[PDB]
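Q: I have a structure here, written as structure tokens, and I will follow up with some questions on it.
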Amino acid sequence: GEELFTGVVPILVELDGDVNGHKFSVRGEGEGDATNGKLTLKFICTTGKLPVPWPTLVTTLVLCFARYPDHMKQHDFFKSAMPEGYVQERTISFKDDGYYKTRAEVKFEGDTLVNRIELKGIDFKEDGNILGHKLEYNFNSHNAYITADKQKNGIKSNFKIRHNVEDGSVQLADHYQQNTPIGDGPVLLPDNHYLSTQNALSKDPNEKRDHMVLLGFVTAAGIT
């Protein structure tokens with residue numbers, strides 16, 4: 001449970017993707033500090049050029065690192081499922097474009113918190129904002145509301161991400177998310193609340209590979 005997150009925890013992220021038949025892989029490494037809600041990660045496209053914009057993968061690429069304030073500890077499903085972990089599945093529909101479907105397992109593998117993901121993308125436009133790489137390299141603040149899913153013994157969430165387009169417009173990405181536990185022990189099913197997240201995206205000047213350096217802060221709120 002939550003005791004696995006009292007200090008800084010190494011993170012490994014692995015993604016295998018296929019968007020419109022364009023196959024790619026991403027590896028990320030870094031660490032998470034749930035006491036401050038902080039993620040520091042570097043992601044590399046290990047197959048060459050990433051065929052979608054890095055910001056469209058941020059939500060897919062570890063909510064167990066959210067900072068749950070003491071008065072909300074009983075509502076932290078994500079840490080309660082550890083070390084066995086949880087499955088996280090999303091459908092992400094890009095307005096006037098294609099959709100992603102993702103399945104991930106988030107679980108401890110020894111001393112490392114691992115997020116291992118399979119992503120498919122369907123019916124994107126080669127000239128659209130995604131395959132056409134028309135999104136700014138940034139990721140706005142968002143709140144995601146978390147509700148219990150008692151039948152699945154987990155949580156669900158749906159939320160819209162606003163991605164800035166280079167021409168000043170916005171590209172919406174409508175997320176539906178469902179999480180379940182991998183293990184069969186007791187988990188914490190939350191009252192309604194939300195997570196507030198901010199991200200800063202950057203580039204390592206000495207990295208020639210297609211990559212994303214990510215800072216994130218995730219904080220739970222919305223309960224008494």
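Naming scheme: A, B, ... for chains in displayed order of the structure tokens; residues 1 onward per chain; ligands 1 onward as shown.
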List every residue of stretch 64-134 of chain A that DSSP, applied to the backbone of this structure, assigns to strand (DSSP E), and report them as number ranges by chain.
A: A: 86-94, 99-109, 112-122
Q: Given the selection you just returned, output its residues as a file containing C-alpha atoms, formatted as a PDB file, in the first residue's frame.
A:
```
ATOM      1  CA  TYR A  86      -3.636  -2.205 -11.354  1.00  0.00           C
ATOM      2  CA  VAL A  87      -4.685  -2.290 -14.972  1.00  0.00           C
ATOM      3  CA  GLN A  88      -5.383   1.110 -16.507  1.00  0.00           C
ATOM      4  CA  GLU A  89      -7.334   1.220 -19.774  1.00  0.00           C
ATOM      5  CA  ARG A  90      -8.381   4.238 -21.823  1.00  0.00           C
ATOM      6  CA  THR A  91     -10.098   5.229 -25.007  1.00  0.00           C
ATOM      7  CA  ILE A  92      -8.921   8.677 -26.145  1.00  0.00           C
ATOM      8  CA  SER A  93     -10.923  10.247 -28.981  1.00  0.00           C
ATOM      9  CA  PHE A  94      -9.309  13.187 -30.776  1.00  0.00           C
ATOM     10  CA  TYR A  99      -8.691   7.556 -31.423  1.00  0.00           C
ATOM     11  CA  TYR A 100      -6.230   5.749 -29.175  1.00  0.00           C
ATOM     12  CA  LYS A 101      -6.995   2.689 -27.090  1.00  0.00           C
ATOM     13  CA  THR A 102      -4.515   1.904 -24.337  1.00  0.00           C
ATOM     14  CA  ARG A 103      -4.032  -0.903 -21.867  1.00  0.00           C
ATOM     15  CA  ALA A 104      -1.383  -0.647 -19.180  1.00  0.00           C
ATOM     16  CA  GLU A 105      -0.242  -2.495 -16.101  1.00  0.00           C
ATOM     17  CA  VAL A 106       1.142  -0.337 -13.294  1.00  0.00           C
ATOM     18  CA  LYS A 107       2.860  -2.463 -10.652  1.00  0.00           C
ATOM     19  CA  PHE A 108       6.035  -2.873  -8.621  1.00  0.00           C
ATOM     20  CA  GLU A 109       8.714  -5.094 -10.137  1.00  0.00           C
ATOM     21  CA  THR A 112      10.835  -0.117  -9.488  1.00  0.00           C
ATOM     22  CA  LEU A 113       7.331   1.108 -10.262  1.00  0.00           C
ATOM     23  CA  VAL A 114       6.672  -0.034 -13.837  1.00  0.00           C
ATOM     24  CA  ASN A 115       4.062   1.258 -16.287  1.00  0.00           C
ATOM     25  CA  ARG A 116       3.913  -1.126 -19.239  1.00  0.00           C
ATOM     26  CA  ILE A 117       1.561  -0.033 -22.014  1.00  0.00           C
ATOM     27  CA  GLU A 118       0.121  -1.204 -25.312  1.00  0.00           C
ATOM     28  CA  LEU A 119      -1.361   1.565 -27.465  1.00  0.00           C
ATOM     29  CA  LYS A 120      -3.329   1.352 -30.689  1.00  0.00           C
ATOM     30  CA  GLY A 121      -4.431   4.297 -32.766  1.00  0.00           C
ATOM     31  CA  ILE A 122      -7.126   4.054 -35.415  1.00  0.00           C
TER      32      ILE A 122
END
```
Q: Using only C-alpha atoms, determine which residues lie at most 10 Å from residue A:188, disregarding the query and same-chain residues fewer than 2 positions distant; provide the list as a count of residues only.
A: 17
Q: Using only C-alpha atoms, can you tell me which of A:140, A:25, A:6, A:60 comes closest to residue A:48?
A: A:25
Q: Kindly provide the residues of stretch 56-161 of chain A that approach stretch 214-223 of chain A to within 12 Å, each paired with its closest atom pair and their distance in Å to one decimal, based on only C-alpha atoms, listed by chain and increasing number, as a tab-separated table.
A:
```
residue	atom	partner	partner_atom	distance
A:57	CA	A:214	CA	11.4
A:58	CA	A:214	CA	8.7
A:59	CA	A:216	CA	11.0
A:61	CA	A:214	CA	10.2
A:62	CA	A:218	CA	9.9
A:63	CA	A:218	CA	7.9
A:64	CA	A:218	CA	9.7
A:65	CA	A:218	CA	7.4
A:66	CA	A:218	CA	4.8
A:67	CA	A:219	CA	4.7
A:68	CA	A:220	CA	5.1
A:69	CA	A:220	CA	6.9
A:70	CA	A:220	CA	10.3
A:71	CA	A:223	CA	8.2
A:72	CA	A:223	CA	6.9
A:73	CA	A:220	CA	9.6
A:74	CA	A:223	CA	10.8
A:75	CA	A:223	CA	9.1
A:76	CA	A:220	CA	8.8
A:77	CA	A:220	CA	11.6
A:78	CA	A:220	CA	11.6
A:137	CA	A:214	CA	11.0
A:138	CA	A:214	CA	9.7
A:139	CA	A:214	CA	9.9
A:140	CA	A:216	CA	11.0
A:141	CA	A:217	CA	9.8
A:142	CA	A:218	CA	9.8
A:143	CA	A:220	CA	9.4
A:144	CA	A:220	CA	9.5
A:145	CA	A:222	CA	9.1
A:146	CA	A:220	CA	9.6
A:147	CA	A:222	CA	11.7
```
Q: Step one, run DSSP on the backbone; step two, keep only residues of chain A assigned to helix (DSSP H, G or I); then write them as a list in words.
A: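 The residues of chain A classed as helix (DSSP H, G or I) are residues 2, 3, 4, 5, 54, 55, 56, 57, 63, 64, 65, 70, 71, 72, 73, 74, 75, 77, 78, 79, 80, 150, 151 and 152 of chain A.
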Q: Looking at only C-alpha atoms, which of A:173, A:41, A:187, A:161 is the one that sits closest to residue A:203?
A: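 Ranked by minimum distance to residue A:203, first place goes to A:41.
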Q: My list of candidates is A:32, A:53, A:85, A:183. Which is closest to residue A:7 when distances are computed with only C-alpha atoms?
A: A:32
Q: Could you please determine the separation between atom CA of residue A:127 and atom CA of residue A:200 in Å, to one decimal place?
A: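 Interatomic distance here is 26.7 Å.
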Q: Report, in Å to a single decimal, how far apart atom CA of residue A:180 and atom CA of residue A:3 are.
A: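 Taking atom CA of residue A:3 as the start and atom CA of residue A:180 as the end point, the length is 19.9 Å.
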Q: Just how far from atom CA of residue A:177 is atom CA of residue A:157, in Å to one decimal?
A: 5.1 Å
Q: Within 12 Å of residue A:128, counting only C-alpha atoms, which residues qualify if same-chain residues fewer than 3 places away don't, as a list in words?
A: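 So the residues in contact are residues 52, 53, 94, 95, 96, 97, 98, 123, 124, 125, 131, 132, 133, 134, 135, 165 and 171 of chain A.
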